[PDB]
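Read through the structure below, which is laid out as structure tokens, and then see the notes.
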Amino acid sequence: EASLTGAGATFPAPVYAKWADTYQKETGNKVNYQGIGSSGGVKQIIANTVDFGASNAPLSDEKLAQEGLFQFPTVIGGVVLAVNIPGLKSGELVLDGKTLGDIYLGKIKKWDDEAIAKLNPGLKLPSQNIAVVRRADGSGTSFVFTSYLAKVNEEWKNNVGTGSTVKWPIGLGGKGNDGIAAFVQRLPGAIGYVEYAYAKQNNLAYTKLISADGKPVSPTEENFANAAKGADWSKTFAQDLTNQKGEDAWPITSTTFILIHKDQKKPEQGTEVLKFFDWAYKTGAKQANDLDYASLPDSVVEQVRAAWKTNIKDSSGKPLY
Ligand SMILES: O=P([O-])(O)O
């Protein structure tokens with residue numbers, strides 16, 4: 001039995017926690033995962049203070065090479081807009097990218113603003129003031145989110161751009177996905193981006209978004225998987241899944257990566273890390289699904305296994321898988 005430590009992204013925290021828990025029940029191995037945001041997860045794996053790092057934002061091949069890291073995807077989730085609009089229930093408000101962008105730019109200030117009303121014909125929006133919530137900490141969820149907004153709102157692209165941290169035009173800061181969920185819950189008029197599980201687990205109402213193809217879609221597990229149907233994984237794991245074309249493709253979708261050193265100094269920790277993720281691919285699909293994360297197609301996991309053999313070694317050049 002081994003004791004492993006991981007750290008990083010809160011985006012997959014719910015599933016990683018479940019996997020760890022079940023893994024310890026079934027094998028005795030203990031995986032201690034710390035959700036500190038993707039930014040911290042990357043700083044940590046590089047500082048060698050954990051056995052594996054987790055970031056929703058991929059590292060470039062060059063940067064991976066410069067640090068001696070290897071990254072691989074685990075699950076596919078989706079970022080939803082959680083809201084607290086006295087009167088409205090979940091799934092009923094509809095927004096489109098441009099508008100979502102203007103709300104985060106501080107251009108739209110009330111729920112019954114023309115722009116929103118035009119998008120929700122039958123809705124009776126209250127004239128509540130919108131309280132914008134964004135991440136206070138360095139976030140891979142903030143990266144997927146700002147990557148999507150840059151694609152759908154020109155002013156957002158030119159003035160604040162994309163990033164794990166950016167200069168937010170407006171909004172209160174919340175720490176971690178859980179931080180943002182707690183804020184929306186305590187603030188009438190609140191809107192904040194969170195990975196889907198956090199909205200659902202906390203009974204927070206969310207909106208539908210307009211797909212790249214122009215149709216309103218609900219955030220669900222299968223729609224997260226839809227956004228990924230056209231992803232050419234054979235080309236690379238670092239797949240951008242935001243605003244993808246296709247029927248029922250949720251627009252703010254993202255996979256999430258695990259970062260490990262190619263030259264394993266503590267080969268016993270390395271091996272156990274791989275064994276844990278292998279068990280997760282082989283058996284944790286149900287647990288992921290229960291949590292509304294879409295599993296990666298088998299072809300991709302086979303690619304990940306092949307890569308492990310190819311890239312992960314002890315200092316003797318001996319493969320750990
Ligand atoms: O998953 P996050 O914590 O990096 O946003």
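Identifiers for the structure tokens are assigned positionally: chains receive A, B, ... in sequence, residues are indexed from 1 per chain, and ligands are indexed from 1 in the order shown.
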For residue 9 of chain A, find every residue with an atom within 8 Å (counting only C-alpha atoms), except residues of its own chain fewer than 5 positions away, and show them as a PyMOL selection string. chain A and resi 35-39+41+54-56+139-140
10 Å shell around ligand 1 using only C-alpha atoms and all ligand atoms, listed as a ChimeraX atom specification: /A:7-13,35-42,54-57,79,135,137-145,164,175-179,193-195,256
Just the selected residues (N, CA, C and O atoms), exported as a compact mmCIF listing (two decimals), in the first residue's frame, please.
```
# COMPACT_ATOMS: atom_id res chain seq x y z
N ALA A 7 -2.11 17.43 -6.25
CA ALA A 7 -2.57 18.78 -5.99
C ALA A 7 -2.83 19.51 -7.29
O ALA A 7 -2.21 19.22 -8.32
N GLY A 8 -3.74 20.48 -7.21
CA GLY A 8 -4.03 21.30 -8.37
C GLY A 8 -5.50 21.60 -8.53
O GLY A 8 -6.21 21.85 -7.54
N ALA A 9 -5.93 21.59 -9.79
CA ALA A 9 -7.31 21.89 -10.20
C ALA A 9 -8.41 21.38 -9.29
O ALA A 9 -8.40 20.20 -8.89
N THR A 10 -9.40 22.25 -9.03
CA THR A 10 -10.57 21.91 -8.25
C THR A 10 -11.62 21.36 -9.24
O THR A 10 -12.53 20.67 -8.84
N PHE A 11 -11.50 21.72 -10.53
CA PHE A 11 -12.43 21.28 -11.58
C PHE A 11 -12.73 19.76 -11.47
O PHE A 11 -13.89 19.36 -11.44
N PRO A 12 -11.70 18.90 -11.32
CA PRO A 12 -12.01 17.47 -11.24
C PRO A 12 -11.98 16.93 -9.82
O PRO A 12 -12.20 15.75 -9.61
N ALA A 13 -11.84 17.83 -8.84
CA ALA A 13 -11.77 17.43 -7.46
C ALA A 13 -12.81 16.43 -6.99
O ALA A 13 -12.46 15.39 -6.38
N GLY A 35 -7.06 20.44 -3.60
CA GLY A 35 -7.57 21.32 -4.64
C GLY A 35 -7.13 22.74 -4.38
O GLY A 35 -7.74 23.44 -3.57
N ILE A 36 -6.08 23.17 -5.05
CA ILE A 36 -5.56 24.51 -4.86
C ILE A 36 -5.59 25.36 -6.13
O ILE A 36 -5.01 26.44 -6.17
N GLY A 37 -6.22 24.83 -7.19
CA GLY A 37 -6.25 25.53 -8.46
C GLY A 37 -5.18 24.95 -9.38
O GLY A 37 -4.17 24.44 -8.91
N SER A 38 -5.37 25.05 -10.69
CA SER A 38 -4.41 24.52 -11.66
C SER A 38 -3.05 25.18 -11.54
O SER A 38 -2.05 24.49 -11.69
N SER A 39 -3.03 26.51 -11.34
CA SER A 39 -1.78 27.25 -11.23
C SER A 39 -0.88 26.71 -10.13
O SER A 39 0.31 26.44 -10.37
N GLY A 40 -1.45 26.56 -8.94
CA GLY A 40 -0.71 26.00 -7.83
C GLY A 40 -0.31 24.56 -8.15
O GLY A 40 0.80 24.15 -7.82
N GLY A 41 -1.21 23.78 -8.77
CA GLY A 41 -0.90 22.40 -9.09
C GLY A 41 0.32 22.32 -10.00
O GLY A 41 1.13 21.40 -9.93
N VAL A 42 0.49 23.33 -10.85
CA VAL A 42 1.64 23.28 -11.74
C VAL A 42 2.89 23.68 -10.99
O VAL A 42 3.93 23.09 -11.20
N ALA A 54 -2.15 18.66 -11.18
CA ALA A 54 -3.36 18.65 -11.95
C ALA A 54 -3.69 20.03 -12.41
O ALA A 54 -3.84 20.94 -11.60
N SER A 55 -3.88 20.18 -13.72
CA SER A 55 -4.21 21.46 -14.32
C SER A 55 -5.20 21.25 -15.48
O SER A 55 -5.05 20.30 -16.25
N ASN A 56 -6.23 22.12 -15.57
CA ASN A 56 -7.23 22.03 -16.64
C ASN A 56 -6.64 22.65 -17.89
O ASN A 56 -7.07 22.35 -18.98
N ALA A 57 -5.70 23.57 -17.72
CA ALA A 57 -5.06 24.24 -18.85
C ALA A 57 -3.82 23.40 -19.21
O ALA A 57 -2.98 23.13 -18.37
N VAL A 79 -18.08 23.56 -17.93
CA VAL A 79 -18.18 24.75 -17.10
C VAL A 79 -19.56 25.31 -17.36
O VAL A 79 -19.97 25.47 -18.54
N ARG A 135 -13.02 33.88 -10.38
CA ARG A 135 -12.07 33.27 -9.47
C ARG A 135 -11.05 34.22 -8.95
O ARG A 135 -10.55 35.09 -9.69
N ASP A 137 -8.24 33.05 -7.23
CA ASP A 137 -6.99 32.30 -7.39
C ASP A 137 -6.73 31.92 -8.83
O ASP A 137 -7.65 31.89 -9.65
N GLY A 138 -5.48 31.56 -9.10
CA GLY A 138 -5.07 31.15 -10.43
C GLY A 138 -5.84 29.90 -10.77
O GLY A 138 -5.65 28.84 -10.14
N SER A 139 -6.60 29.97 -11.86
CA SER A 139 -7.50 28.89 -12.21
C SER A 139 -7.57 28.35 -13.64
O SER A 139 -7.54 29.09 -14.60
N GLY A 140 -7.62 27.03 -13.77
CA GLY A 140 -7.71 26.41 -15.07
C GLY A 140 -9.16 26.55 -15.51
O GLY A 140 -9.47 26.53 -16.71
N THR A 141 -10.07 26.70 -14.55
CA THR A 141 -11.45 26.92 -14.92
C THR A 141 -11.49 28.34 -15.48
O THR A 141 -12.15 28.58 -16.48
N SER A 142 -10.76 29.28 -14.88
CA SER A 142 -10.73 30.63 -15.42
C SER A 142 -10.08 30.60 -16.80
O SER A 142 -10.30 31.49 -17.59
N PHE A 143 -9.24 29.62 -17.07
CA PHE A 143 -8.59 29.58 -18.39
C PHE A 143 -9.57 29.11 -19.50
O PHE A 143 -9.68 29.70 -20.58
N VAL A 144 -10.29 28.04 -19.21
CA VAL A 144 -11.29 27.53 -20.14
C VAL A 144 -12.34 28.59 -20.36
O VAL A 144 -12.77 28.84 -21.47
N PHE A 145 -12.75 29.22 -19.28
CA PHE A 145 -13.75 30.25 -19.36
C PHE A 145 -13.29 31.49 -20.20
O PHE A 145 -13.97 31.90 -21.11
N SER A 164 -5.19 32.07 -16.94
CA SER A 164 -5.55 31.45 -15.67
C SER A 164 -5.79 32.55 -14.61
O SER A 164 -6.47 32.32 -13.59
N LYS A 175 -12.55 31.89 -4.05
CA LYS A 175 -11.43 31.00 -4.17
C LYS A 175 -11.84 29.55 -4.45
O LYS A 175 -12.54 28.93 -3.66
N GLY A 176 -11.36 29.02 -5.57
CA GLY A 176 -11.67 27.65 -5.94
C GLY A 176 -13.06 27.52 -6.48
O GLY A 176 -13.82 28.47 -6.40
N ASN A 177 -13.37 26.42 -7.15
CA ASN A 177 -14.73 26.22 -7.66
C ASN A 177 -15.73 26.24 -6.50
O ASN A 177 -16.86 26.69 -6.64
N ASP A 178 -15.34 25.69 -5.35
CA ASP A 178 -16.22 25.64 -4.21
C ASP A 178 -16.45 27.04 -3.70
O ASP A 178 -17.51 27.34 -3.20
N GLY A 179 -15.47 27.92 -3.86
CA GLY A 179 -15.60 29.28 -3.38
C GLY A 179 -16.66 30.00 -4.17
O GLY A 179 -17.52 30.70 -3.60
N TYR A 193 -19.05 31.27 -12.80
CA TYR A 193 -18.71 30.05 -13.53
C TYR A 193 -18.10 28.97 -12.62
O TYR A 193 -17.13 29.23 -11.89
N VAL A 194 -18.59 27.75 -12.75
CA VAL A 194 -18.13 26.63 -11.93
C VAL A 194 -18.16 25.40 -12.80
O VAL A 194 -18.89 25.36 -13.81
N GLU A 195 -17.42 24.37 -12.41
CA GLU A 195 -17.51 23.14 -13.20
C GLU A 195 -18.89 22.59 -12.84
O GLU A 195 -19.34 22.77 -11.72
N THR A 256 -9.08 17.57 -18.57
CA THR A 256 -8.27 18.04 -17.46
C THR A 256 -7.10 17.07 -17.42
O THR A 256 -7.25 15.92 -17.79
```
Between segment 94-141 of chain A and segment 217-239 of chain A, at 12 Å or less, what are the per-residue closest atom pairs and their distances in Å? Count only C-alpha atoms, order by chain and rising residue number, and return it as JSON lines.
```
{"residue": "A:94", "atom": "CA", "partner": "A:217", "partner_atom": "CA", "distance": 8.8}
{"residue": "A:95", "atom": "CA", "partner": "A:217", "partner_atom": "CA", "distance": 10.1}
{"residue": "A:96", "atom": "CA", "partner": "A:217", "partner_atom": "CA", "distance": 10.4}
```
Here is a test: counting only C-alpha atoms, which residue of A:161, A:87, A:122, A:192 is nearest to residue 174 of chain A?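 For residue 174 of chain A, the nearest of the candidates is A:192.
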Just list the residues in segment 221-296 of chain A DSSP gives strand (DSSP E) on the backbone, as a PyMOL selection string. chain A and resi 253-261+263-264+294-295
Report the distance between atom CA of residue 131 of chain A and atom CA of residue 188 of chain A in Å, rounded to one decimal place.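 Between these atoms lies a distance of 7.8 Å.
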Using only C-alpha atoms, find each residue in segment 2-28 of chain A having at least one atom no more than 10 Å away from segment 276-299 of chain A; report its shortest atom-to-atom pair and that distance in Å (one decimal), rows by chain then rising number, as a tab-separated table.
```
residue	atom	partner	partner_atom	distance
A:4	CA	A:276	CA	9.4
A:12	CA	A:293	CA	8.6
A:14	CA	A:291	CA	7.5
A:15	CA	A:288	CA	5.8
A:16	CA	A:288	CA	8.7
A:18	CA	A:287	CA	7.0
A:19	CA	A:284	CA	6.5
A:20	CA	A:276	CA	8.4
A:22	CA	A:284	CA	8.9
A:23	CA	A:276	CA	7.6
A:27	CA	A:276	CA	9.9
```
Closest-contact table, segment 37-90 of chain A side, partner segment 264-268 of chain A, 12 Å, counting only C-alpha atoms, as a tab-separated table:
```
residue	atom	partner	partner_atom	distance
A:48	CA	A:265	CA	10.0
A:50	CA	A:266	CA	11.2
A:51	CA	A:266	CA	9.0
A:52	CA	A:264	CA	11.1
A:68	CA	A:264	CA	10.1
A:69	CA	A:264	CA	10.3
A:70	CA	A:264	CA	11.1
```
Limited to N, CA and C atoms, could you put the picked residues into a file as a CSV table (one decimal), in the first residue's frame?
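What follows is the written file result-v2.csv:
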```
chain,number,residue,atom,x,y,z
A,48,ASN,N,8.3,19.8,-7.1
A,48,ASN,CA,8.5,18.4,-6.7
A,48,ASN,C,7.9,18.1,-5.3
A,50,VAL,N,4.8,17.2,-4.7
A,50,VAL,CA,3.7,16.3,-4.8
A,50,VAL,C,4.0,15.2,-5.8
A,51,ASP,N,3.3,14.1,-5.8
A,51,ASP,CA,3.6,13.1,-6.7
A,51,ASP,C,3.0,13.3,-8.1
A,52,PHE,N,2.0,14.1,-8.2
A,52,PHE,CA,1.4,14.5,-9.5
A,52,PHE,C,0.7,15.8,-9.3
A,68,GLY,N,10.7,18.6,-18.1
A,68,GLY,CA,10.7,17.2,-18.0
A,68,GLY,C,9.3,16.6,-17.6
A,69,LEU,N,8.2,17.2,-18.0
A,69,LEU,CA,6.9,16.7,-17.6
A,69,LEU,C,6.2,16.0,-18.7
A,70,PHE,N,5.2,15.2,-18.2
A,70,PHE,CA,4.4,14.4,-19.2
A,70,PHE,C,3.0,14.7,-18.7
```
Between atom CA of residue 252 of chain A and atom CA of residue 211 of chain A - distance in Å to one decimal: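 We find that atom CA of residue 211 of chain A and atom CA of residue 252 of chain A lie 9.1 Å from each other.
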Sel. of alpha helix (DSSP H) residues, segment 28-255 of chain A, as a PyMOL selection string: chain A and resi 38-46+61-67+97-104+114-119+140-152+154-159+176-186+196-201+221-227
